[PDB]
Structure formats: structure tokens, C-alpha cells
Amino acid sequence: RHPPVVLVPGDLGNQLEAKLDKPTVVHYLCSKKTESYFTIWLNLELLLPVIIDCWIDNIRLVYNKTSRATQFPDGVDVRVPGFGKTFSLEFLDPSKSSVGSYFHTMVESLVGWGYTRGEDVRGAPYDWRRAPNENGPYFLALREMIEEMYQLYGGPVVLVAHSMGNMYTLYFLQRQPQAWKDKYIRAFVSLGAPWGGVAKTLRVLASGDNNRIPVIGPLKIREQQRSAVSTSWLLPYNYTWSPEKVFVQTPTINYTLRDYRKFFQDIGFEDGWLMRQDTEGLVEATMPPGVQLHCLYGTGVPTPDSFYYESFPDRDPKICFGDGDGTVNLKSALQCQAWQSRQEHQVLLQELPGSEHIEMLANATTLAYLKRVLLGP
């Protein structure tokens, strides 16, 4: 026998669909209207030059300074398919191409161990463009799904979260009563958690990140990346990083985590500061999840730590690297150790040397660890 499993993805980590009835478009070749939803992430054909402007216009969030909230562009809806199922987190591209293969290797393994897609293993995908403050309905659905799985399969559930999904899961758990967690949660397996933010968010917001895909201009994709509240939510936090650490250096100014207001002014994106204020307090830095926790973190992969700009903000910086998994800085991942003394439930730390941030989900060592958590001694 084996416990039910809920999978929580990270940023970019599940499909998104859009349906359009737009008053205006940025190019004539952009569709104003669709009769049904289509996949907006991940579909590679939408990211090609010129067409990418259509995509940005649909997938960007609009920040409303009055409500301090995001909304979709006029005539655009974006929905999250596959809640309670696994397809939309197994493959980011519904063509099922390897370029989008995310949770697929892990789900294959789980199924080989006796799990059933959509039944005792289920996904909890979400609109990862937002931070928890704008995903209230998702947390209600997550709570309900956990309760359902407990009742159906006769025991508490194991939460398995990747990257930003860990922060989503921690937010969720911090807000549930201890008695609820003791009944319904068996364990939380935390894979590549950026507990105190990731340093690369500074570069993304300042100058864009096209991830070495040269056919996408970094200044073009920067528009989308800035619009996503989740980007500013993942700026480094002072419970992980020194308030005096410089993340961004230019010829005339430094930026530390105490300098985000100046940073956002200086990059010409004042809304980002508002988004940071909206989101920075959502997860209490020092409250442990209050459940058995397995913190798995990659090391031995150069991980961007800080950025030097000769020309700010519209040129790519020089990058300084620290330890981590390529994305999540080792320091961030290690916030986990502080929780050992702050909850009664066990906190187990597991280093994964040489395990890159995304590859850790398909890695035999990761899967062997998960198997031990699920299937026992």
C-alpha cells in the first residue's frame, strides 16, 4: 500500500490556455478572436519573431494600481487546465515534445510503482504568473482535493512540490490549522525550493532573460516577465540574504534587497515595487510548515548570484555565480535547516550534488528518495 500524492509545479510549470475576444491587437496578423481556448503555454509556434508580440499581449498581466491587483488584458481569459489530473504538469507542450517534459518522468515512475493518474496521484497546477495573494481559489481547491484523496484512498497525502511550488505549498500549510495538517498531510517532499527567493529575478526584471534562445530578444520577453507578479515575489528575502548583499551593480548605483523601490524606479517599472509590497509578506519567513518535511536541494551547479551592468537596464549584464542547482541559490534552499528546531515533525535535509533544477525531477536518485518516502522501508 502507498499514500496518495499531490504534485505542485513551479513557475512556468503547467500548461495555460487562453481564449480571446480582444478590442485591439498589436499586429494585424494577431488573432482578435478565438472560438475556443488554445494552449498559450507551452506552444513554440507562438514564440516566433513578430508572433511573439501577440503572445505577450495575451499572456501579460495588467497591474491595476487602484486595486493593487493584476487583471488580464481586455478580452483575454487565461485558464489553468488539468487540475486534479497530471497531463498539464507532465508535459508543458501538449504535443508532448521533450522540450516540455516536466513531471512526466516522475509520473511514469509513480505509475510503475502502482499509482494511477488522476486518482491517487494528482496535479495541483495554478496560474504561476501570480503570487499566492491572487490565487485564493486555487488554495481552496487544493484543500478540497487533499481531503478527497484522504477519504478515497484511506490515508494522509504526500505533497511533492518543485521550485516555486514549494513556496505556494508553504503558504498553504502555514494557513491550515495544525490539527488539519496532522490528519491530512503525511509528508511534504520539497524539490529545489527557493525559500528566500532566487537572485536571477533581478536580471529578469532589469534586462530580461531569453534563456539562450536567441530568436527571442531579451528586451521583448522582459515585458512578459515583468508583468508576472510571481517574478517580483521571488526577489531575494532578508531572512536568507544579508540586507547588505549587492545583487545588482552598475557604474553609478548598487542595489541590495533593501533597495527594491529605487531598482524599480530606475528600470522604469514602478508597478514591480507595488507587486513586491503586495507579496513580500505572504509567506512568514520563520514559521515551519508543521508537517514532516524532506528538503531536497541541488548543489554543484553554477547558480546566478549577482549581476554587473555596464549599461543599465537595457543591456545584458555580466553574471557572478554561486552554489545551488542552476536556478535556486544554495542559501535559499537551506532556509529549511532553521525549521528543524521550530517544529516537532521531522525535517530531513537531502543534498543532491550535481542535480540541476529541472533535471532533478527525472533523476533516478530523486525518484529513489521519493520511492522510499512513499513505499517505506
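For clarity, a rigid core is taken as the largest C-alpha set superposing within 1.5 Å between two forms. Numbering starts at 1 and follows the sequence shown.
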request  = Overlaying the structures in 5 other deposited structures of this protein on the rigid core, point out which of 204-212 and 134-142 has the bigger RMS C-alpha shift.
outcome  = 204-212
query = If you line up the core and then measure how far each C-alpha sits from this form in 5 other deposited structures of this protein, which stretch comes out higher, 309-317 or 32-40?
reply = 309-317
query = With respect to the recorded C-alpha B factors, which stretch has the higher mean value, 59-67 or 332-340?
reply = 332-340
query = Where do the C-alpha atoms have the higher mean temperature factor in this entry, in 363-371 or in 5-13?
reply = 363-371
remark   = Per the deposited B-factor column, the C-alpha that peaks among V198, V78, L219, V121 belongs to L219
query = Which one of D127, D278, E90, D74 shows the top CA temperature factor in the record?
reply = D74
request  = Would you please rank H357 by its C-alpha temperature factor against the other modelled residues of its chain and give the third it falls in: lowest, middle or highest?
outcome  = lowest
task = Going by the recorded CA B-factors, say which third of the chain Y168 sits in, lowest, middle or highest.
result = lowest
note = By the entry's values, the third containing the CA B factor of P132 is the lowest
query = Which third of the chain does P288 land in by C-alpha B-factor: lowest, middle or highest?
reply = highest
request  = Sort the modelled residues of this chain by their C-alpha B factor and say whether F103 lands in the lowest, middle or highest third.
outcome  = lowest
